[PDB]
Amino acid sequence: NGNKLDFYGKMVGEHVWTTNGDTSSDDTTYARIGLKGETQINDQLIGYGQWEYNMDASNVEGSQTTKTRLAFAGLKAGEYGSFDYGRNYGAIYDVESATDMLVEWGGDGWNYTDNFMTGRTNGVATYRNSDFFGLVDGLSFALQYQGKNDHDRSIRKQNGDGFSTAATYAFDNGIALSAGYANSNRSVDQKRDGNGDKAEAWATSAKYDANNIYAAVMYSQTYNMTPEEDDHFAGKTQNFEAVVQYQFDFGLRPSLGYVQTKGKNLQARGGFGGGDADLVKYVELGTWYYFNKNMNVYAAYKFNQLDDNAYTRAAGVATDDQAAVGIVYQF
């Protein structure tokens, strides 16, 4: 009896509309199940593992994709910190997690899954340490290495060897500052574009979280990291996200969110001559109603502020507004 196992998951009945121009109306129901395991090895040492499995319930029974989102195991040793390996969130995502607190959208621009260390990815060894080796209360950090994923994927989702690091200072009153950087080799396949051999990003964030108020802001820049809808990589991006939300005691939680991603020095193709354009720009207005920890409902509206222009037409980016409603059983 030195072990703890914890099933968690959710059934999410959800539906999304596109309300302007290229209108559409789609089911996006899914279920998620995960497991969290923690074993007491010593008085000084803990071993742990996590997996998280997503199940599309949205396509017909022949064709529903499943995804293993997380899968890792690690040791954890008091103030010496922790170390895990497997499929995990990239460390620079710690910066973003403040502003990825939206109802339906959020972390669209700049953070993609299987995109170096901007979101969830394969083959990450991660070292963490909260309270800076016991020396500084509230200062945590993350160092992380990623091996190359170079052959059995689209060029869009490849990476060379690389690393990523994030620090977060959290003050007693409710503020937390947070900053992170990542540098990676690009894959031999990626380098054929002539855009450069390295891929980098840095990110900064602040959040306030006290008295039922939640506000967060986040700024970053990426270089040869962020993929466009075209499958070309943005040579330079400037990303800004921001969120404010309030929590009523009775379950209601309205939310206002802003998300922008400016591409700089973008390559020419088709109708798009130049090299400066918004990739993502939208406001999310939405709300949750929490009945209790186990049950909630939500709704949200995305005001998509991208224009129909030379870039959006050539790169095939959607300029239209969207809406989403959903109901969630949780455990």
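When you see a residue number, it is the position in the sequence shown, counting from 1.
Looking at mean Cα B-factors across 266-274 and 45-53, the upper value is held by 266-274. For the segment pair 311-319 and 11-19, the entry gives 311-319 the higher mean B-factor, averaged over Cα atoms. Per the PDB record, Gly138 has a higher Cα B-factor than any other of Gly147, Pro254, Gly257, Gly138.
When the C-alpha B factors of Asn122, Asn211, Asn159, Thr118 are read from the deposited coordinates, the top value falls at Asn211.
The PDB entry assigns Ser178 a C-alpha temperature factor belonging to the middle third of its chain's modelled residues. In this PDB entry, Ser220 carries a Cα temperature factor that places it within the middle third of its chain's modelled residues. Among the modelled residues of its chain, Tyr89 has a C-alpha B-factor that falls in the lowest third according to the deposited record. For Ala170, the recorded CA temperature factor ranks within the highest third of the chain's modelled residues. When the modelled residues of the chain are ordered by C-alpha B-factor, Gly78 sits in the highest third.
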